[PDB]
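For reference, the chain that follows is the form deposited in one PDB entry, supplied as structure tokens.
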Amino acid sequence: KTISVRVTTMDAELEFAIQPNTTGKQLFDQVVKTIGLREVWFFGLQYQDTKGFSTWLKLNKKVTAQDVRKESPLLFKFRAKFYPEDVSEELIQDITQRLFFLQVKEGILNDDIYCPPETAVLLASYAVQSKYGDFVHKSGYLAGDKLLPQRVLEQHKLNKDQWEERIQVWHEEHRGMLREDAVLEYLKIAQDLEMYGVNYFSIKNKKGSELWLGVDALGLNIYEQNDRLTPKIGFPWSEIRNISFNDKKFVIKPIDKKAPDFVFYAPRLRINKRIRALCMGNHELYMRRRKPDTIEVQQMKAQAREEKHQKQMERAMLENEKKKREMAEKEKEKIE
């Protein structure tokens, strides 16, 4: 009757049972409802199709109707398909910031997002303040954690302990900072990386030259094969009139009627379709951002501002009572 389904978020292993007629939308809604997520626009469910490829689940189509790998349970990954332009301004809920922080942290540690050594150490200390809190405390406490990318550890011949000492220094500066604030500070720094939130695809021009295509929140970018940090030519969403898609081929059409069209090719149709989905999705988010916030969004932001300010003042009063009780304790004891 039912199909057992596993849905792994960055920090949850959710088990569900779908009906044979369950749509991807029904499954998605249950996932976000269970984790208590409102900002769904950035997210989607990934799966390995029977051919071995990473695929986004189509929500307006039965889960059973797609090329879901024939295993028990069905394995899906809940992850962020789209990135914001600014984490501070667009990642309102703590659940959203934590799920983006863990996915970005994963990408940094796997060498997928280039991060320089000094920045990697700074990032690691924020991950530490979030896990370990304030910090007697502990010695060799960071030995069992994955804290830096492998190219950082490779390039720098620092023994394991020297890295933890270098991060421990940064971790002691952080003392006082909330776990929630460490998560936002990680995202603030991580979002300035060149590879952050960029979807790379291997393309060829009309000549047949091998290039890279980046699809990000602010537009499109063309990279040389030997360099994915610096785009050779960039296309902001504000300058793209449209992108024409036709079987492995895509044409970036400019808003400047004097500017030329740009023709590129995907090696397979799977890749071209993937490009179109991320182009359409990112430009729609971009469109939303140019138009002022929904009253729903303005209120959600105000709600979060009220909650954070209440927590800040609640903590400021506990600290003030510590000084008052201590002050009275000394005022009484002086007597004799």
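One rule holds for the numbers: they count along the sequence shown, beginning at 1.
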Could you tell me how many residues of the deposited sequence sit unmodelled between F135 and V136 (none, 1 to 3, 4 to 9, 10 or more)?
-> 1 to 3
With B-factors read from the PDB entry, the higher C-alpha mean of 170-178 and 69-77 is in 170-178
Looking at the deposited entry, does 92-100 or 225-233 carry the larger mean Cα B-factor?
-> 225-233
For the C-alpha B-factor as written in the entry, point me to the maximum among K253, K188, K160, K248.
-> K160
Per the PDB entry, maximal CA B factor within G140, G107, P84, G219 = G140
Could you tell me which third, lowest, middle or highest, the C-alpha B-factor of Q312 occupies within its chain?
-> highest
Which third of the chain does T9 land in by C-alpha B-factor: lowest, middle or highest?
-> lowest
If you rank every modelled residue in this chain by C-alpha B factor, which third holds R305: lowest, middle or highest?
-> middle
By the record's CA B-factor, is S238 among the lowest, middle or highest third of residues in the chain?
-> middle
Among the modelled residues of its chain, does the C-alpha B-factor of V263 lie in the lowest, middle or highest third?
-> middle
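Separately, the form solved in complex with a partner chain exists; it is not shown, and the next lines address it.
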Report the residue, out of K308, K301, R288, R69, that has at least one non-hydrogen atom within 4.5 angstroms of its partner chain in the bound PDB entry.
-> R288
Wondering, does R79 line up within 4.5 Å of its partner chain in the bound PDB entry on heavy atoms?
-> no
Would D49 show up as a contact with its partner chain in the bound PDB entry if we use heavy atoms at 4.5 Å?
-> no
So in the bound PDB entry, does any heavy atom of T55 sit within 4.5 Å of its partner chain?
-> no
Closest heavy atom of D293 to its partner chain in the bound PDB entry, within 4.5 Å or not?
-> no
